[PDB]
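In: enclosed are the sequence and the experimentally obtained structure.
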Amino acid sequence: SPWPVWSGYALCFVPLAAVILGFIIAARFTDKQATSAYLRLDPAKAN
Amino acid sequence: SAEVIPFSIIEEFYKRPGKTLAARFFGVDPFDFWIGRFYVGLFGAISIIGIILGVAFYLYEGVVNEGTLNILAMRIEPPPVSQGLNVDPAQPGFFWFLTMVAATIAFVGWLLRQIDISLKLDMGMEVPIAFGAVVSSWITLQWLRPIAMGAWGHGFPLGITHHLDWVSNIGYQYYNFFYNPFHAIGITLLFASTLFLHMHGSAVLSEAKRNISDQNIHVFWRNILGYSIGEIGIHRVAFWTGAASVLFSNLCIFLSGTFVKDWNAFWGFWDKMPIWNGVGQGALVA
Amino acid sequence: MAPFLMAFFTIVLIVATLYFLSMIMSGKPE
Amino acid sequence: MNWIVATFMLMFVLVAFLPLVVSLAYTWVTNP
Amino acid sequence: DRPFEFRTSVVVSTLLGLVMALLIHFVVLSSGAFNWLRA
Amino acid sequence: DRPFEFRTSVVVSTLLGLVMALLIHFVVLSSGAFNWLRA
Amino acid sequence: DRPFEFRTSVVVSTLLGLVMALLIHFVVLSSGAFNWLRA
Amino acid sequence: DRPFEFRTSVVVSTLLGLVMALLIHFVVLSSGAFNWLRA
Amino acid sequence: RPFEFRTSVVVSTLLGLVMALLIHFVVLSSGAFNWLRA
Amino acid sequence: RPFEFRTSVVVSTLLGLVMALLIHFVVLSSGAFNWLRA
Amino acid sequence: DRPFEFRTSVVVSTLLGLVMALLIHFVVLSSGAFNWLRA
Amino acid sequence: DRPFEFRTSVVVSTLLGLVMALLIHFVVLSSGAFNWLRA
Amino acid sequence: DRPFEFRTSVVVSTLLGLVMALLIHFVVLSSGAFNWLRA
Amino acid sequence: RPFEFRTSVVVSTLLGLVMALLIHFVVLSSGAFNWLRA
Amino acid sequence: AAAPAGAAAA
Amino acid sequence: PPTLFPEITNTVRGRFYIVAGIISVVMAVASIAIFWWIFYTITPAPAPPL
Amino acid sequence: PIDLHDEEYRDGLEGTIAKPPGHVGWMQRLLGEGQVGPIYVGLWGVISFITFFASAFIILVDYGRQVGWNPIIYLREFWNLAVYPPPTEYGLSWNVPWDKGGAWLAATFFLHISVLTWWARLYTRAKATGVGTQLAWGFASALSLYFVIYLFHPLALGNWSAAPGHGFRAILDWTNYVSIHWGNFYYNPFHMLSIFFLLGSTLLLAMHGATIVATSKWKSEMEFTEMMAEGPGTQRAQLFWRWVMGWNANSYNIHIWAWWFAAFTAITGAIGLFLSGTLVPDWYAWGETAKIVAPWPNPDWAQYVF
Amino acid sequence: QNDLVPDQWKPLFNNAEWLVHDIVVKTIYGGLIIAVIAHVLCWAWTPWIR
Amino acid sequence: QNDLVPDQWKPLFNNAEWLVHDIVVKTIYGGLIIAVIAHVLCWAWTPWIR
Amino acid sequence: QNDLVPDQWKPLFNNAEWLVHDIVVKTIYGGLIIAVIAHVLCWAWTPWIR
Amino acid sequence: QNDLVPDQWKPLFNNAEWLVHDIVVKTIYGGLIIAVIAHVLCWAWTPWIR
Amino acid sequence: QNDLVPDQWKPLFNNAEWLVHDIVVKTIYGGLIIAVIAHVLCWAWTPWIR
Ligand code: BCL
Ligand code: BCL
Ligand code: BCL
Ligand code: BCL
Ligand code: BCL
Ligand code: BCL
Ligand SMILES: CCCCCC/C=C/CCCCCCCCCC(=O)O[C@H](COC(=O)CCCCCCCCCCCCCCC)COP(=O)(O)OC[C@@H](O)CO
Ligand SMILES: CCCCCC/C=C\CCCCCCCCCC(=O)O[C@H](COC(=O)CCCCCCCCCCCCCCC)COP(=O)(O)OC[C@@H](O)CO
Ligand SMILES: CC(C)=CCC/C(C)=C/C=C/C(C)=C/C=C/C(C)=C/C=C/C=C(C)/C=C/C=C(C)/C=C/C1=C(C)CCCC1(C)C
Ligand SMILES: CCCCCCCCO[C@@H]1[C@@H](O)[C@H](O)[C@@H](CO)O[C@H]1O
Ligand SMILES: CCCCCCCCO[C@@H]1[C@@H](O)[C@H](O)[C@@H](CO)O[C@H]1O
Ligand SMILES: [Mn+2]
């Protein structure tokens, strides 16, 4: 049979998919928080 | 003092034209603009050309010429060592050479584009230095060592699980690779980098949303270790350790096949120095 | 035949460098 | 082994160390 | 105020269901117990 | 106030459909059950 | 306003079409079912 | 106030139950004591 | 207005030089001509 | 004044120097001229 | 003023003398030219 | 004021004397020239 | 004003002299040309 | 403070010392001359 | 009110 | 004499920089050349096997 | 209500020593700070000291016994001396001769006690000042792998010789032997995850350090006050990474990335090492059954022979 | 300040730039002649096309 | 302070440091006497120079 | 302080660097003479070009 | 301060440092005498140059 | 400061550096004399150039 054993999905492919999806979602949320409106020093006066 | 700024004003304040490397060499940058969020300039086009061509060549050498759709069972391999430093379009290892050259172009373009963007924002050149360390690591692995050894077949294959076979066979050809001094220094610096990253992350997170002063963390790091480094010192240590970790491990892999053949016979001098040779008895000799 | 050509090219390089240095460093410097 | 090409490549590997050394020297000089 | 949002419940349940369905289909496919997708 | 936006629903559903289509085509091709692209 | 812009749709569609075209050409050439590029 | 919050209890109990279920299924089904999913 | 003569000169000159180098290298590597041959 | 004569002088001089070095290296390390070893 | 301090020179001289004495004793003991501590 | 304090001189001399005593004792014991602690 | 400091010159010269003396003494001992510490 | 004189003298000293050590160790381990022979 | 750390301190 | 680089050609510092660069290149080439000439002229060829 | 001066200049057991702080000049010039001391010496700190030095004394005295009480041979052979766990003929027994495994057992017990007491020290000293407890849980994540290596993997395998010896070279030998015994460790998927996280940690440390030093002209390294209002340095760092990658972060959540990337390494490594002997006795064969090994039918072996 | 420059090339050249340009073209022609001689000599040594 | 110490050594010692010094020097003298006796006994037992 | 350095070299040399320079050039000349004598002696001993 | 130091060495020494110097010089002289005696005895035992 | 230094070396040396320098040069001269004597003795024993 051309198929991997069940341990192949348990130990290899599900963790890889989890890592990729988690990286994408964490990047989305950190970039969403970073580029919002909060207290900043005015660039005109500060420089 | 401080007020709410929506980050559109901070991006539009700092955009300036023409302060890059090509703007200083030719007097103008041909591609000086922004696409979406990215800054396109010169070296931003060379890099993208290299990226596209490298991906295309890699996938053609994998899917075709090997007939496998399994991404984890490809062997994108160089020419044999009997071909020397020759390249032939009609022989195996041609799409490995094309991919290697395209990837080199992409990485050097990325480095030069980082230098450009540093120049636009009036920053220092720390990020290009730190990235150039690992770019030089790639260059010594794929260019300098194969040329010194004498063949393009001394480079590693670009397969996902199969480049780990090259690592294993090269490490066991020059057995014992653990006994390489520069290997030990590089491993020490990798472990230290991970420890320092954990320490800094913990330290900054532990004081974030609290009604405390900025001197509490110094007292914390002085009660436990007797010594607190400072705020710019920790980031300097991070930068320096990160770069040095790969700078030292370039030497080990370069000297493995050129000046040395055996890392167990390297340490044969230690027991023969006149200070302590000829002082033991049977099975404690040497 | 190789040593003669190497000598010829070395002589050409040296003469050219000396000539352009004399042209560059001509006149009273400031 | 040619021993001439090998030493040139070793020189390149050693030159790759230079920007970090310059960074340390710059930090030392600029903080009296 | 309610302990949990509706959005969190939807996300958790949907993700868990999709993962479990994929895992069970691939475990059953490679066992050889059923004559499914057999040459 | 709605829990989810329309844009996120569209993106998630479209990506899931495309990924499932690619995966099922790959599996059915590599199974060897159907003639399809045999030499 | 509106969910998506026009330019994002154009970019996504064009990129997806080009990638799929290249992938299908590579797979069909590698399959060996056609007498397409043979010495 | 109360020692613990309702949300914390729900999270801990749900995660413990799911993990225990998966672990027990793995331990029981991989022992070869029961005739399940066999060719 | 977005097109300036100097930038196009730079781009075309760079492209021509790179293409010439690439074609020379490929033709030399092919071995079809008795050029610089031992 | 779009073009500065100084810039063109510098660019052309550097290009010529780089090309001379490259052609020397390519010709010397070939089957013919064999690094002048003969 | 002074290029060197008295403390530094004393420390350096004492350390160097001790190290040299130990080194010479070790070399002479392992050379085997003299009887000295024989079994 | 003064080159060295009395405390540092005492600490250094005491430590050096102890290290030398241990080194000489162990060298004489392992040499095998004297009977001492045997068999 | 002064291109180099006197202290650094002294340090460098002294260290180089000591290192060269040790190196030459070990090379000449290892060569075997003279009797010296024989037997 | 200018750097040219100091840089030149330091690099000259280092180059001379390295060259001397390397050439001496190359000549010693070749056997062309008697020098330190048993 | 809105702070870089996700807090909204008066 | 005409020049496009008055701050380098006319000044003493620029001429010093030019001469120093030329001398540095010459010395860097010469040291390597003489070292390898000596190495290959005195080192004997390896003995062929029996 | 926390008095930092009292926290740093108190007497007694629950207090500090080295009270008049020192000062090192080169640290001041390079790292920006040079004061050394005072250091807290309270309870949970004496216990770690005493147990660590008990274990170290045992190890060094056994080194001396092995050498023969000869100081010169001791100095020559110091970097390839070790004390090894009892061999495989014994199981998990403790009735082992002192020169065949008892010393290792005693020293390892004391080492366990010392590391646990150090965790307690970190926790309590974090609470005593005004800061939170994030270093303690990072140390716990690090200690998971330590206790897998030294206590739990031998326990599941059934012998003490599955654990490393105490020596400079002995750890390298343990790494080599453990990889060789259970197939090939390159085909261990959790070893792949561990290497992913370790190399990511090194990359992220270098990136953060370089980008904070590059923008330090505008005092960007004062990350405590930058989490209340961000000035030109942080704005420039954000713009740099946005124009390079298309996305950026804060002066707050970048250190979250740091914490979690450094934490995942030890957890994945512990899981992989524990599974290594007890469930999958051979990783290359498993990878063959799982379809992740390349065929390689005609190797070019002229590369691997002198 | 550009009276020596011909009227056609006034908007591009200066007085000193014209003289430096003339020097540059003379150098280029001399170098081309030397290059032709060198190529003829190298062909007489060993032809590179057979 | 500098009262019981002799006038020559005033710039170096206190009263307390002078007392501790005296204790140390007496200890060293006793140790040296014992060491000489021990070396004579060990030589009488088995000489180490032959 | 430029009063002993000749007016030709004033932009490049200081009062102290002039003296240090002179010391360096004298050392270089002496070393060259010694090296020439050593190479003549070694050539008379055993010539390395044959 | 600089009272017992000779006027020649006043820029370099102090009273405490002068006293400690004298101690160190006497120690070195005694050590050298003992070392000379030891080397003569060891040569009389077995010469190390043959 | 530059009171004991000769007029020629005033821009280079201090008052104490001059004395330390003199000590160093005397030490070097003595070492050179001893080295010459030792090299003559060792050559008389066993010449190393044959
Ligand atoms: C019979 C063969 C095996 C065995 C195999 C299993 C397996 C397999 C399992 C158990 C589980 C249990 N076994 Mg048993 N068990 C055996 C022998 C024993 C012995 C004994 C002394 O011999 C004991 C004390 C137990 C004890 C237990 C409990 C710990 C547990 C059942 C109680 C419970 O909490 O689940 C009750 C469950 C709940 C309270 C959760 C409710 C479930 C919810 C409703 C989710 C349903 C899923 C559904 C499809 C989701 C759809 C949602 C959509 C939106 C519609 N077993 C023998 C050896 N055992 C189960 C467990 O869950 O461990 C914690 C488990 O999976
Ligand atoms: C077959 C080989 C022959 C032989 C043939 C030759 C030949 C041929 C030559 C020598 C030369 C030398 N030989 Mg011989 N030599 C032989 C055997 C020996 C043996 C030995 C034990 O066998 C020794 C010790 C030597 C030693 C020497 C040196 C005296 C000399 C190397 C010069 C040098 O190091 O400059 C390098 C050092 C520098 C460039 C630095 C100089 C600076 C000085 C030292 C002052 C520095 C301090 C000062 C403070 C500067 C610091 C500035 C700071 C920045 C502040 N030879 C055998 C017999 N030898 C060479 C020579 O040059 O003669 C003079 C030479 O040409
Ligand atoms: C004889 C066998 C070998 C040979 C063996 C050696 C050896 C061995 C050496 C040389 C060195 C030299 N050789 Mg040779 N050389 C050979 C044939 C040649 C040929 C040829 C065409 O055949 C050439 C061109 C050369 C050229 C050279 C030069 C590169 C160099 C000597 C000039 C110099 O740099 O001094 C310039 C001046 C100085 C370096 C001044 C420095 C000297 C100062 C005074 C230091 C002296 C040390 C002193 C003890 C310090 C005391 C300090 C105080 C007590 C405080 N060699 C043959 C093939 N050659 C030397 C070298 O490489 O040095 C760089 C060297 O050591
Ligand atoms: C590989 C086979 C052959 C060989 C075959 C050939 C052939 C065929 C040719 C050469 C040519 C060259 N070879 Mg060859 N060559 C060989 C061996 C050698 C050897 C040797 C060590 O033996 C040497 C020294 C050389 C040297 C040379 C050069 C003289 C020349 C390269 C031109 C150049 O550099 O333009 C680069 C320089 C520039 C582009 C300009 C830079 C300088 C300008 C003029 C002034 C500076 C301007 C600046 C802006 C001034 C402003 C002031 C600033 C402020 C400083 N060859 C071998 C033996 N060689 C070519 C030649 O002779 O043409 C003249 C040629 O045709
Ligand atoms: C381990 C060291 C202990 C200590 C253990 C002892 C012991 C034991 C004694 C003292 C004694 C004293 N200690 Mg106490 N003492 C300590 C720390 C201190 C400190 C301090 C600041 O820390 C101070 C100020 C003191 C103060 C003192 C003095 C009050 C008192 C008398 C010393 C004296 O006059 O003898 C002058 C010193 C000598 C004469 C040196 C003698 C050593 C001999 C020579 C060594 C060889 C012994 C050999 C067998 C005999 C000689 C044989 C030869 C052939 C001649 N101790 C530490 C904690 N101390 C003594 C006492 O009488 O208590 C009331 C005493 O017996
Ligand atoms: C390192 C051990 C101890 C210490 C151990 C001793 C001993 C023992 C003695 C002193 C003595 C003295 N110590 Mg104390 N002393 C120490 C620390 C100090 C400190 C300090 C601030 O650290 C100071 C200022 C002093 C000061 C002093 C003087 C007050 C006093 C007299 C010095 C002198 O004139 O004769 C010092 C002697 C010389 C300078 C010459 C002797 C050195 C010889 C030559 C070395 C070899 C000896 C060997 C037998 C050779 C002789 C025969 C040869 C063949 C000719 N010591 C340290 C802590 N000290 C002496 C004393 O109190 O009575 C006079 C004394 O005996
Ligand atoms: C074995 C392998 C397992 C892999 C699992 C990977 C895990 C993935 C999950 C990633 C976390 C998703 C977080 C979702 C919720 C965050 C919400 C948010 O935006 O959080 C913000 C910060 O988050 C932020 O930095 C964004 C989130 C934190 C930064 C990233 C943290 C992860 C660092 C690396 C860890 C794994 C990621 C990479 C894996 C290879 C703070 O904003 P608040 O002031 O609180 O906002 C209040 C309101 O506006 C509503 O929230
Ligand atoms: C190792 C494998 C190969 C490497 C693959 C590399 C490719 C992708 C990696 C990840 C890239 C995405 C990174 C973050 C996403 C960009 C963020 C973003 O969204 O940026 C967009 C920019 O992308 C734009 O134009 C479009 C930018 C160009 C995207 C397409 C680039 C493709 C590169 C070639 C890929 C290989 C092709 C090989 C063919 C076989 C625009 O956003 P806006 O709506 O304007 O934003 C709203 C405002 O806040 C700012 O304007
Ligand atoms: C192991 C084995 C052997 C098998 C596994 C078994 C298994 C677990 C199966 C699981 C199956 C699942 C989960 C299937 C899911 C299918 C989906 C989500 C389809 C979505 C379609 C989405 C569609 C059509 C989206 C269309 C989008 C359009 C037309 C968008 C149009 C537009 C938008 C929004 C913006 C701009 C304007 C425009 C008109 C262009
Ligand atoms: C930038 C470096 C490009 C590659 C440098 C190598 C030049 C190729 O030149 C090679 C020689 O190096 C080689 O000796 C023989 C056969 O091995 O064939 C030649 O083509
Ligand atoms: C807290 C640690 C858990 C304790 C686990 C105990 C495992 C006991 O396992 C023992 C072996 O270790 C022993 O060698 C043989 C002797 O016949 O008998 C077994 O029971
Ligand atoms: Mn930080």
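Out: Structure's in. What do you need? Numbering: from 1, shown residues only, chains lettered A, B, ... in the order given. Ligands and ions are numbered 1, 2, ... in the order given.
In: now the stretch 101-250 of chain Q against chain C: closest residue?
Out: Nearest residue of the stretch 101-250 of chain Q to chain C: residue Q:217, at 36.2 Å (Cβ to the nearest Cβ). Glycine gets a C-beta too; all of them are placed from N, C-alpha and C.
In: my read: that residue touches residue Q:233, true?
Out: Yes. Using Cβ atoms under 8 Å, residue Q:217 makes contact with residue Q:233 at a distance of 7.2 Å.
In: residue R:24 reaches residue J:9, doesn't it?
Out: Yes. With contacts defined as Cβ under 8 Å, residue R:24 counts as touching residue J:9 at a distance of 6.9 Å.
In: mind telling me which residue of chain D is nearest chain U?
Out: For chain D and chain U, the shortest gap (Cβ to the nearest Cβ) falls at residue D:32, measuring 26.6 Å.
In: all strands of chain Q, in order?
Out: Along chain Q, the stretches classed as strands by DSSP state E are Q:16-17, Q:22-23, Q:35-36, Q:39-40.
In: how far off centre is the third one?
Out: Which is strand Q:35-36. Taking Cα atoms, centre = their mean, to the nearest Å, one finds the center of strand Q:35-36 at 25 Å from the center of the full chain.
In: quick one: contacts for residue B:159?
Out: Under the criterion of Cβ atoms under 8 Å, 6 or more residues apart in numbering or on different chains, the contact list for residue B:159 reads B:74, B:75, B:76, B:77, Q:294.
In: SS state for the second one?
Out: Just to be clear, that refers to residue B:75. Using DSSP: H, G, I helix; E, B strand; the rest coil, the three-state assignment for residue B:75 comes out as coil.
In: check contacts around it.
Out: Counting by Cβ under 8 Å, 6+ apart, residue B:75 makes contact with B:66, B:157, B:159, B:162, Q:294, Q:295, Q:296.
In: try residue Q:233
Out: With Cβ under 8 Å, 6+ apart, residue Q:233 has these contacts: Q:215, Q:216, Q:217, Q:218, Q:219, Q:220, Q:226.
In: and those residues, which is closest to residue S:40?
Out: Each of the contacts of residue Q:233 was scored against residue S:40 by Cβ to Cβ, and residue Q:216 proved nearest at 70.1 Å.
In: so how far is chain G from that closest one?
Out: 38 Å (Cβ to the nearest Cβ, to the nearest Å).
In: what's the neighbour count on that residue?
Out: By the other Cβ atoms under 10 Å in any protein chain shown criterion, the neighbourhood of residue Q:216 contains 19 residues.
In: now do the contacts for it.
Out: Going by Cβ under 8 Å, 6+ apart, residue Q:216 touches B:124, B:232, B:235, Q:233.
In: for the third one, helix, strand, or coil?
Out: What that stands for is residue B:235. Taken by three-state DSSP, the conformation at residue B:235 corresponds to helix.
In: how many neighbours does the residue of chain C found nearest chain J have?
Out: Using Cβ to the nearest Cβ, the point where chain C gets nearest to chain J is residue C:2, with a distance of 5.5 Å. Burial of residue C:2, expressed as a neighbour count using other Cβ under 10 Å, amounts to 12.
In: could you find the closest non-adjacent residue to it?
Out: Closest residue to residue C:2 in three dimensions, ignoring its sequence neighbours and counting by Cβ to Cβ, 6 or more residues apart in numbering or on different chains: residue J:36, at 5.5 Å.
In: check the gap between the one you found and ligand 11 for me.
Out: Residue J:36 sits 75 Å away from ligand 11, going by Cβ to the nearest ligand atom, to the nearest Å.
In: and residue 27, what is it in contact with?
Out: Just going to use chain A. In this structure, residue A:27 makes contact with residue Q:247, judged by Cβ under 8 Å, 6+ apart.
In: try again with chain D
Out: Neighbouring residues of residue D:27 by Cβ under 8 Å, 6+ apart: B:236, Q:30.
In: centre of the chain to stretch B:94-114, how far?
Out: Relative to the centre of its chain, stretch B:94-114 is centred 14 Å away, using Cα atoms, centre = their mean.
In: my bad, stretch E:13-30
Out: Chain-centre distance of stretch E:13-30: 3 Å, with Cα atoms, centre = their mean.
In: can it be said to contact ligand 9?
Out: Yes. For a cut-off given as Cβ under 6 Å from any ligand atom, stretch E:13-30 has contacts with ligand 9, namely E:21, E:22, E:25, E:26, E:29.
In: and the furthest pair within those?
Out: Among the residues of stretch E:13-30 next to ligand 9, the pair separated by the greatest distance (Cβ to Cβ) is E:21 and E:29, which sit 12.5 Å apart.
In: looking at these two, which is more packed in?
Out: For the pair residue E:21 and residue E:29, the greater number of neighbours falls to residue E:29 (19 against 10), based on other Cβ under 10 Å.
In: so the more buried one sits against residue E:38, correct?
Out: No. Because the distance of 10.2 Å does not satisfy Cβ under 8 Å, residue E:29 is recorded as not touching residue E:38.
In: is the residue most central in space within chain A in a helix, a strand, or coil?
Out: Computing the C-alpha centroid of chain A and ranking residues by Cα atoms, centre = their mean puts residue A:23 first, at 2.4 Å. For residue A:23, the secondary-structure state derived from three-state DSSP is helix.
In: now swap in the one 3 residues further on and tell me
Out: Reducing the assignment to helix, strand or coil with three-state DSSP, the entry for residue A:26 is helix.
In: what residues are up against it?
Out: Contacts of residue A:26 by Cβ under 8 Å, 6+ apart are residue Q:257.
In: that one and residue A:32, how far apart?
Out: Per Cβ to Cβ, to the nearest Å, residue A:26 is found 11 Å from residue A:32.
In: write out the residues of chain R neighbouring chain P.
Out: Taking Cβ under 8 Å from any Cβ of the partner chain as the test, the list of chain R residues beside chain P reads R:16, R:17, R:19, R:20, R:23.
In: 7 Å instead?
Out: Contact residues (Cβ under 7 Å from any Cβ of the partner chain) of chain R with chain P: R:16, R:19, R:20.
In: which SSE is the first one in?
Out: Put plainly, it is residue R:16. Taking DSSP states H and E as the definition, one finds residue R:16 inside helix R:15-45.
In: list the buried residues for that helix?
Out: The neighbour-count check on helix R:15-45 (16 or more other Cβ atoms under 10 Å in any protein chain shown) flags R:16, R:17, R:18, R:19, R:20, R:21, R:42 as buried.
In: OK, contacts around the third one?
Out: When you say that, I think you mean residue R:18. Residues in contact with residue R:18 (Cβ atoms under 7 Å, 6 or more residues apart in numbering or on different chains) are R:4, R:5.
In: what separation do you get for it and residue M:6?
Out: For residue R:18, the distance to residue M:6 - Cβ to Cβ - is 57 Å.
In: can you check the last one too?
Out: When Cβ to Cβ is applied, the distance between residue R:42 and residue M:6 equals 58 Å.
In: how about the second one?
Out: Taking Cβ to Cβ as the measure, residue R:17 falls 53 Å from residue M:6.
In: ok, now the fourth one?
Out: Applying Cβ to Cβ, one obtains 53 Å for the distance of residue R:19 from residue M:6.
In: tally of neighbours for the residue of the stretch 101-250 of chain Q closest to chain C?
Out: Other residues within reach of residue Q:217, judged by other Cβ under 10 Å, total 13.
In: and if you look at residue Q:68?
Out: Counted with other Cβ under 10 Å, the burial measure for residue Q:68 works out to 15 neighbours.
In: so it makes contact with residue L:30?
Out: Yes. Using Cβ atoms under 7 Å, residue Q:68 is in contact with residue L:30, at 5.5 Å.
In: pick out the most distant pair among the buried residues of helix R:15-45.
Out: Of all pairs drawn from the buried residues of helix R:15-45, the widest gap by Cβ to Cβ lies between R:16 and R:42 and measures 38.4 Å.
In: excluding sequence neighbours, find me the nearest residue to the closest residue to ligand 9 within chain Q.
Out: When Cβ to the nearest ligand atom is the measure, chain Q has its nearest residue to ligand 9 at residue Q:291, with 14.9 Å between them. Leaving aside its sequence neighbours, residue Q:291 sits nearest to residue A:4 (Cβ to Cβ, 6+ apart; 4.6 Å).
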